[PDB]
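Trainee: Quick one: structure below, then a few questions.
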Amino acid sequence: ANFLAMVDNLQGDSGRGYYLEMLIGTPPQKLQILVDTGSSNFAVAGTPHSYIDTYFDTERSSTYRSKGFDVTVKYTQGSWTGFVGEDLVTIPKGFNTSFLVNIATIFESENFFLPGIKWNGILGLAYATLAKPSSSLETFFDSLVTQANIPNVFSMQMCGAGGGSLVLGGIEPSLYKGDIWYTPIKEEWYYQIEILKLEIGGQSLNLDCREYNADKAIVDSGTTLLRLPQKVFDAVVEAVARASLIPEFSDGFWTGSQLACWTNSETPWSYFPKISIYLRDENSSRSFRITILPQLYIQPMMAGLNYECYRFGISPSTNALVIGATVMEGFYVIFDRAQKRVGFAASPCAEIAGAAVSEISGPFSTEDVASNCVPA
Amino acid sequence: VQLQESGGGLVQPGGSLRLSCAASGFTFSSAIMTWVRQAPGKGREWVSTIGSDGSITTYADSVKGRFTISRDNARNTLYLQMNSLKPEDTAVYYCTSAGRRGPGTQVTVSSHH
Ligand SMILES: [Cl-]
């Protein structure tokens with residue numbers, strides 16, 4: 001692999017996801033593929049569909065082979081079923097050759113291909129245990145590590161809030177400055193990591209740390225927002241309201257049913273608090289914090305040319321605390337499967353109007369935190 | 001999932017071996033299968049991959065024409081037929097699928113009698 005060649009290999013933005021161009025089959029068909037650290041299947045549109053331009057036609061690839069079974073994936077808010085096959089795939093930027101991988105071609109779906117998306121397949125980069133129909137269906141990244149002789153590590157930078165980069169097989173030094181901090185992967189399915197504390201404007205939420213991990217705290221590039229369990233979400237909304245210099249937001253704003261609008265260049269950014277998430281260091285005596293500024297969670301959206309409107313970048317969850325694109329837009333994130341850890345560095349690209357919109361710092365002591373914040 | 005390699009040995013330059021990998025605990029007829037090799041002090045080196053129905057095969061340039069991958073789905077076995085062996089081919093050879101690998105089989109190619 002050539003990591004430098006992978007810089008800027010993603011297109012897209014937060015609300016719509018970040019995608020990689022992949023060439024599938026013989027002769028190659030080019031698809032736009034969502035980079036998803038929250039699932040473990042390589043799956044592409046197999047038919048025309050609303051909201052997509054293009055799909056992979058198996059009949060036009062001479063190297064495609066059908067496994068003779070299908071797969072159905074069900075999420076909380078959507079589903080799809082596809083035929084499972086194998087074919088050769090090329091990633092134009094960082095590699096010299098094609099590779100043989102599993103692929104699901106979607107022939108039916110519910111609430112999966114959405115308005116506004118520019119992708120027509122997904123690349124699940126999570127662990128084998130999440131793969132469907134079972135963990136024996138070799139994942140794309142397991143194929144790539146095995147066939148391309150790369151290290152079992154990839155890293156991602158999202159630059160939309162300021163395209164992006166997906167560096168398969170390592171870390172690209174040009175994508176960060178300052179230090180990389182690593183937190184252990186607690187459980188290898190999703191990228192589940194341990195959250196010790198959330199802090200709003202320097203004020204810790206007063207919750208038992210198990211509240212942050214009971215469902216599971218995961219890092220997921222395929223989720224747009226920062227999703228917080230209801231109790232945690234309520235506490236965050238209360239603290240942001242308390243901390244705003246002048247009250248600006250209705251209840252409808254906090255739930256996503258209203259926009260907050262200001263006349264062009266009147267947004268009082270200095271009014272709103274930083275939000276920090278504390279993660280355990282590999283040395284359990286220490287933690288570090290990843291911090292997002294208001295510009296990352298008070299998110300620009302389309303009132304007409306005279307106003308700038310904004311939607312809240314955090315939402316309630318049912319089943320996980322999801323560190324989605326809202327937060328990943330601030331950091332270079334290293335998914336170090338080989339060493340069972342997730343790394344973070346501030347993204348130099350996460351700057352607006354000459355100011356960083358994220359920070360990372362440490363170390364902090366964990367002596368006043370339970371030794372395990374994942375329920376036991 | 002269980003993978004078990006066998007068939008390695010100590011051969012002279014220009015010799016041959018047939019490696020086997022016995023698979024169990026999964027549907028072998030639906031698995032992409034791969035051979036990799038690693039010698040002490042060197043990085044892991046991909047050798048060859050075969051799709052599940054056996055029709056698609058890929059090879060490292062370092063082994064192309066000398067090694068041939070094959071499988072017998074009905075017998076849950078992956079093979080590597082290795083001809084024209086060279087000292088540089090000395091390594092532990094492992095068969096892998098879905099992130100799992102067997103314990104490996106040693107191949108040593110040497111003129112040290
Ligand atoms: Cl497979």
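In the structure tokens, each chain is lettered A, B, ... as it comes, each chain's residues begin at 1, and ligands are numbered from 1 in order of appearance.
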Go through the chains and note each residue within 8 Å of ligand 1, using only C-alpha atoms and all ligand atoms, then give the set as a PyMOL selection string.
Mentor: (chain A and resi 101-102+136-139) or (chain B and resi 30-33+52+97-98)
Trainee: Show me, as a PDB file with C-alpha atoms, in the first residue's frame, the residues that have an atom within 9 Å of residue 328 (chain A) when counting only C-alpha atoms, minus same-chain residues fewer than 2 positions from it.
Mentor:
```pdb
ATOM      1  CA  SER A  14     -21.215  14.878   7.747  1.00  0.00           C
ATOM      2  CA  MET A 156     -10.030   7.974   8.871  1.00  0.00           C
ATOM      3  CA  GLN A 157     -10.213  11.763   8.595  1.00  0.00           C
ATOM      4  CA  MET A 158     -13.423  13.656   7.769  1.00  0.00           C
ATOM      5  CA  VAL A 219     -17.086   4.845  17.107  1.00  0.00           C
ATOM      6  CA  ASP A 220     -19.138   4.714  13.937  1.00  0.00           C
ATOM      7  CA  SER A 221     -18.349   6.623  10.745  1.00  0.00           C
ATOM      8  CA  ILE A 323     -19.560   8.679  18.390  1.00  0.00           C
ATOM      9  CA  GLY A 324     -20.620   9.516  14.843  1.00  0.00           C
ATOM     10  CA  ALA A 325     -19.588  12.043  12.207  1.00  0.00           C
ATOM     11  CA  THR A 326     -20.537  15.012  14.481  1.00  0.00           C
ATOM     12  CA  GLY A 330     -12.936  16.895  14.578  1.00  0.00           C
ATOM     13  CA  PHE A 331     -10.372  14.080  14.703  1.00  0.00           C
ATOM     14  CA  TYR A 332      -8.082  11.794  12.812  1.00  0.00           C
ATOM     15  CA  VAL A 333      -9.300   8.428  14.112  1.00  0.00           C
TER      16      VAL A 333
END
```
Trainee: Which residues, written as a PyMOL selection string, have at least one atom at most 6 Å from region 1-10 of chain B, with only C-alpha atoms counted and residues fewer than 6 positions away on the same chain left out?
Mentor: chain B and resi 18-26+102+104-109
Trainee: As JSON, numbers by chain, list the residues of region 5-109 of chain B assigned to helix (DSSP H, G or I) by DSSP on the backbone atoms of this structure.
Mentor: {"B": [28, 29, 30, 73, 74, 75, 87, 88, 89]}
Trainee: Calculated over only C-alpha atoms, which of the candidates A:65, A:210, A:49, A:197 has the smallest distance to chain B?
Mentor: A:65
Trainee: Just give me the gap between CA of residue 275 (chain A) and CA of residue 155 (chain A) in Å, one decimal is fine.
Mentor: 23.3 Å
Trainee: May I have the residues within 12 Å of residue 42 (chain B) as a JSON list (two decimals) with N, CA and C atoms, in the first residue's frame, using only C-alpha atoms and disregarding those fewer than 5 positions away in the same chain?
Mentor:
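Below is the file that was written, result-v9.json:
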```json
[["chain", "number", "residue", "atom", "x", "y", "z"],
["A", 149, "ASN", "N", -0.88, -7.62, 2.04],
["A", 149, "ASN", "CA", 0.24, -7.54, 3.01],
["A", 149, "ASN", "C", 0.29, -6.22, 3.74],
["B", 37, "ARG", "N", 2.48, -16.87, 3.87],
["B", 37, "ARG", "CA", 3.69, -17.46, 4.44],
["B", 37, "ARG", "C", 4.46, -16.42, 5.25],
["B", 88, "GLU", "N", 14.43, -19.10, -1.03],
["B", 88, "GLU", "CA", 13.65, -17.91, -0.69],
["B", 88, "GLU", "C", 12.20, -18.28, -0.36],
["B", 89, "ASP", "N", 11.81, -19.53, -0.63],
["B", 89, "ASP", "CA", 10.43, -19.97, -0.36],
["B", 89, "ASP", "C", 10.35, -20.55, 1.05],
["B", 90, "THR", "N", 11.46, -20.62, 1.77],
["B", 90, "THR", "CA", 11.47, -21.15, 3.13],
["B", 90, "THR", "C", 10.62, -20.25, 4.07],
["B", 91, "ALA", "N", 9.67, -20.85, 4.78],
["B", 91, "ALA", "CA", 8.72, -20.12, 5.67],
["B", 91, "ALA", "C", 7.77, -21.10, 6.27],
["B", 92, "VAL", "N", 7.05, -20.62, 7.28],
["B", 92, "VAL", "CA", 5.83, -21.30, 7.71],
["B", 92, "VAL", "C", 4.71, -20.86, 6.77]]
```
Trainee: Run DSSP on the backbone and tell me which residues of region 18-155 of chain A come out as strand (DSSP E); list them as an MDAnalysis selection string.
Mentor: chainID A and resid 18:24 29:36 42:45 65:75 78:90 99:110 121:124 154:155
